[PDB]
Amino acid sequence: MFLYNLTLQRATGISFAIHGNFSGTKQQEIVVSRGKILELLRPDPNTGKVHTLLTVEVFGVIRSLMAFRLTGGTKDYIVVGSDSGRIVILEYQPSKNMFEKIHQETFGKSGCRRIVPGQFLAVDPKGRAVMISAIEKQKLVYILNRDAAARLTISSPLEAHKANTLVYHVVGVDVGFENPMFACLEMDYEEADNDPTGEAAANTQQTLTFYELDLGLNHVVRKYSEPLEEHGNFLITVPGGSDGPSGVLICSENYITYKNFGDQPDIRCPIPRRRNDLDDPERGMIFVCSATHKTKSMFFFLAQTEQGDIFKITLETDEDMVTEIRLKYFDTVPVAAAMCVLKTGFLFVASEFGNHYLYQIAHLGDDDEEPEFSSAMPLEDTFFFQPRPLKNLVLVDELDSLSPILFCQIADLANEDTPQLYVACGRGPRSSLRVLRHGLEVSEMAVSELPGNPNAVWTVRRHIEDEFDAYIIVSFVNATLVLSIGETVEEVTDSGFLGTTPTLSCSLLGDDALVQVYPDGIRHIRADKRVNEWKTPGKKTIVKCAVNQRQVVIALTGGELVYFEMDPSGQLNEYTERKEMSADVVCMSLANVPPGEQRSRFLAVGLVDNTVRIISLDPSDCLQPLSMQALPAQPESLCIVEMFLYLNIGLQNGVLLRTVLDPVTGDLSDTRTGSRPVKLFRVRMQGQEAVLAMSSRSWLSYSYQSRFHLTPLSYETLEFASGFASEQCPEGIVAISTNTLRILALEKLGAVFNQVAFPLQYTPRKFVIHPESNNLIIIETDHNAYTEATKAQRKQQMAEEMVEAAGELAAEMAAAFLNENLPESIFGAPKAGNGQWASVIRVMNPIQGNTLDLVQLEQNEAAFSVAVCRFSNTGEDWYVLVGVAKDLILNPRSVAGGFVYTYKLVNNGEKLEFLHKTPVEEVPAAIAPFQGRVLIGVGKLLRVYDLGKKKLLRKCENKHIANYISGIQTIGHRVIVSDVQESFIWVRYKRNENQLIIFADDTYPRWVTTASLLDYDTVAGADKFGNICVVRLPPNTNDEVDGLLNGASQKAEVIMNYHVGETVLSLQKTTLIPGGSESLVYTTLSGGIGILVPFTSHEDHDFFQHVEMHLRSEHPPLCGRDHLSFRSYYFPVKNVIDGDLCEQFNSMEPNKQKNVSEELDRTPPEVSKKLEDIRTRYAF
Amino acid sequence: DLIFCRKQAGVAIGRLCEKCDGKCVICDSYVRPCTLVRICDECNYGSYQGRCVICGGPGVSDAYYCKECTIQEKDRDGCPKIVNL
Amino acid sequence: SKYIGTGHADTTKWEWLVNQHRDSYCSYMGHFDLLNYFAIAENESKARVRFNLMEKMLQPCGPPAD
Ligand SMILES: [Zn+2]
Ligand SMILES: [Zn+2]
Ligand SMILES: [Zn+2]
């Protein structure tokens, strides 16, 4: 078994984010880090849209990301520290649209290690030094310089090691062109390892250490070190030099401190709390991120707490000394991992989970009545504020993000033919269930259905410098109707066409000269009201034409090729030659004559002959055959297009062809994507050319910087369309349906899935599908959470206690505190308690989003497993079983017990009714229907259970599973068990002896997250550490059993090992496209979706193996990682080809593409076609 | 007294003499040179500027690690200059 | 011997176990999707989980013997 890995949807979770002038111009861009992907974004200051410019797979783990600029430069660099032992410096090249590696410096071994630097990265604010640091003793400093050609030079590292030391955070300090300084939060643990009493562990303080780099003497020295009051998280650089003092802000538990070396005293400010907070009073408050905004007049900071409250921090200063810290409540947004404040007044919020946000900073300065807290204010007792809806910010853009994906099911729950992806994702009150469909989403522009026989509609403007169109002309079978956009579009008279007979061609001939072609001829219309008409000789009638704003070719009966042209005079002149051939045309197309040239030469001619003929039309060799190529079937239309020149061949079936424009065909690609004739129409996507193919389903064909995409749309069949433009929306489509006249639009920048979302209450854990009604039964559960009833009674308690505060009892804030509940999706849920849980069972319709039934559980009960099944001793009734833990503590682990609930699932799968509740002595983590009964994993125990009248009846039990059952899967005869730390146990159920016997196990420890059965002998598994494996039983395996490694007697073999780089939580074998092949689809915690597909021949496997081998050397990973070593992170790779490395061939430069291709005995286009074939065989 | 230096390596490139030209510094193999050798600053200074890392004669070409030593990440230790005490 | 985490014939159970606990916490801090898993499991912000791990770094497995 040999597998090929493909990514269908990349990760969308953000870890780090930096901003700067990375292209060298005055506009600002953001560089975000996924887990293993680097990405450049640019928000538009005109519309507020965030566009993705570049995204690269780095094949490593990015751990720290900084931006810096040399003095006198206008371009920002990128410093990356990763899980390799290298520091890398990158530069964005706007003209090539790629990241160019400038420097690489190796300092240690690879991997996320304790003492090898790469976790912390600081840079001097003037850009002359950079510090890379590990969590332990090792720190390195590089000096950055510049030569006379203005290129960046790097020096050899300087060591600043210090044994038995832990680092919390490092930042560079802003000095005024003095010696560079670095600040560190450090802790010494030497004394704590020598005291058995445990008192040296306590009484141990953090220190704030300052490291000075002396560029004159070329060494790093410890200058200052001071013990702190309590332990603090990250540090903040205060802008110094000539704009501001030069110190640090220490963020801590419940406090924020300013500190500077010299004669400056320490200044502390306590963090304000929300008035009438519902969270556990024992919990403290920390800041989670920060954002600095420097202006040539002043500066301030933006810090956010764990509740999602952003405060605005300013600093009250003297000539050199700081006197006060002032805090003011700014706004409430979701908890972010990073915040970027952009010039032109934009705030970018990258959340830890879920969608990301871009805000417009609407209110500058602060003219408000809300109180401003200070460090000078005396308090014995803490500050209090009231959270409110957004006042300083306005929401401008929202970027979708599937992180974190927790459960997935691929199924056809609607009655389409293509399956949809049902994804339980999100955490807390921002969780949701999302339905993903392969296609694009058609935006509604306009609808007005008119009775008649619509056939075609053009959108032609009156001028060529016009951005406003002139008319739209929909032809009936008896007549036509031509309208204009007066913003109240209806009948129009002064157009000039007024066709009694239908209109089969409407073109902008001149600047304001229009060509109207109709079955009885052509009447050229002026800007003024004048018409020159050429009608039919006798009974020959045109059906097809080929227009262009310099030349117009027509087709009468018999293939009489008649070509016109309009020379700089601006009127008609027809050519002398009329070449006629055997049959009448069915298809032709004239390429849009570019402003560079005078006219178009190529004209593909498809006839009843079933052959494309290519013909010239320039005055030198106009209208004489050049090359003919037969067809597989009846063509309907073709079109020469770009985005370099291609043409497309539409058959009368739901299948397509393609041929690159040249005197000879050079490329070939056919996609079985219908039973209905393909209609090829002109449109404009991304402001450039694209072809809208139409069948029973309508597809959009567009390459994208060598990214060919044939993507369907989320609507049914149409019959004619073209581009659209108006004051309403200057870029769209005018599409026609049966008994309909529509205008549509497509506004999604190159995505593969469109999604709809339905909100939930808590973190979803697992859902099942009812087989009859196709309803979903979901369980949601959260830790540190209140139930609804506990929240209500806690709030009533707080009210009755605040009304008896022993004070005139004359003004009641309690009645105002009880009325309106602030929404938890915006302000967060009150996280209160350490062993407190909250769980819910929900019945949901997947077509709509409505909740059919909802069962709330008691306070400290936590659901972990769910199943829907039928019992043999009962009839055809359905039951729902829910496994629940009781008083679970996670660290140290402790649980009071467990329960199994049983419901009857009545009213056509819409209602749950309680039947009974069976106690168990441990957490039931897995429930699986099995042969008219049910298997339950109760902690370490595997049990069989039958349905009873008052509880569930234990029938069989095995007690030899190692640690903890996390999953159970059954194929008809056997049972597969997943252990939390051991990988897989095979069990057989003896039907007549009533015995569960272990007959096989594995030889590796695996932290299994999920498992999938591939056949009767093979299992696909996933891991907490990001690995996928396939395990198969040897053919010797004996099933009829009644240890050799302290285990089972027979072992299983590992036939596949792969490191993905992200934690997989869903595995499923399925077929994605209609008429395709089966693949293994997996899902990741960062929001990524991927497949593993098998090879069917040795030749494909060998070719792709050689491609991977040659691309491993000549196109190495960007951040210094070894590709083979990265995919062998925990186990060596076995029988997997990385198709994400292989598809990077299409993005190399032509010279290296030729060097790679000429070793495989092939050209780059053939390699590209071979790469596309295997992808389109399985996925999209 | 054949001991490696094992100090933090810098930007200086290691050199080999006419007798050691094809050799790997760590395992003394001659097959598949893969990674350019870096040496520390005290090994590259003054009279020590250009010298064989194996023996110490006048350098003529670049020193390399072999593919076998690169696979095992033996190029990630300190300066590989042979120093005698 | 100069590398932290190596052992010898006189290494005790406590030193071995605190070494593997300490580099486990560092590996959790390094890998982005393990921290995601923990922060979803215990319902906390990722900054809070990071700070908790750093605080646990000091004395994992309790104080030593005798
Ligand atoms: Zn070697
Ligand atoms: Zn030599
Ligand atoms: Zn040395």
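What you see below is based on every heavy atom in this structure, not just the backbone, and it leaves out hydrogens, waters and symmetry mates. First the proteins, then the strands, lettered A, B, ... as listed; each starts at 1.
A distance of 10.5 Å separates CG in A:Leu1118 from CD in A:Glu100, rounded to the nearest 0.5 Å. With values rounded to the nearest 0.5 angstrom, A:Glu57 atom CD is found 10.0 Å from A:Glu1143 atom CD. In this structure, C:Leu35 CG and C:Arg50 CZ are separated by 6.0 Å, a value rounded to the nearest 0.5 Å. Atom-to-atom distance recorded for A:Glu212:CD and A:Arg222:CZ is 14.0 Å, nearest 0.5 angstrom. Rounding to the nearest 0.5 Å gives a distance of 3.0 Å between CG of B:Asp21 and OG of B:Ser61. Rounding to the nearest 0.5 Å places CD of A:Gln138 at 9.0 Å from CZ of A:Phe107.
Surrounding OH of C:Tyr3 are more than 12 heavy atoms belonging to other residues, nucleotides or ligands, all under 6.0 Å away. No more than 12 heavy atoms of other residues, nucleotides or ligands sit less than 6.0 Å from atom CZ of A:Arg42. Taking a 6.0 Å sphere around NZ of B:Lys67, one finds it holds 12 or fewer heavy atoms contributed by other residues, nucleotides or ligands. Heavy-atom neighbours of B:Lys19 NZ from other residues, nucleotides or ligands within 6.0 Å: at or below the threshold of 12. When the shell of 6.0 Å around CD of B:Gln49 is examined, it contains 12 or fewer heavy atoms from other residues, nucleotides or ligands. The neighbour count for A:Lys162 NZ, taken as heavy atoms of other residues, nucleotides or ligands under 6.0 Å away, does not exceed 12. Counting heavy-atom neighbours within 6.0 Å of A:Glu186 CD, excluding the residue itself, gives a total above 12. Summarising the local packing, NE2 of A:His219 is surrounded by more than 12 heavy atoms from other residues, nucleotides or ligands at distances under 6.0 Å.
For the pair A:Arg128 and A:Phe177, the cation-pi criterion (under 6.0 Å, within 45° of the ring axis) is not fulfilled. Cation-pi geometry between B:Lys23 and B:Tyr30 is not satisfied (NZ or CZ under 6.0 Å from the ring centre, within 45° of the ring normal).
Ion pairing between A:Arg1112 and A:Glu1108 holds under the 4.0 Å rule for side-chain N and carboxylate O. A:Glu39 has a carboxylate O that lies under 4.0 Å from a charged side-chain N of A:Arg34, or vice versa, which qualifies the two as a salt bridge. Checked for salt-bridge contact, B:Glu73 and A:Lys109 miss the test: no charged N lies under 4.0 Å from a carboxylate O.
Ring geometry for A:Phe1104 versus A:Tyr4: interplanar angle of 30 to 60°, hence tilted. Using a 30° and 60° split on the angle between ring planes, A:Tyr1129 and A:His1059 fall in the tilted class, from 30° to 60°. Ring orientation note: the planes of A:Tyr1130 and C:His31 are tilted relative to one another, at an angle of 30° to 60°.
Applying the salt bridge (charged side-chain N to carboxylate O under 4.0 Å, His left out) test to residues at least two apart or on different chains, the pairs with a partner in residues 5-18 of chain B are B:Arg6-B:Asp77, B:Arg15-B:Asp62.
Close placement of the A:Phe210 and A:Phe261 rings is indicated, their centers lying within 6.0 Å of each other.
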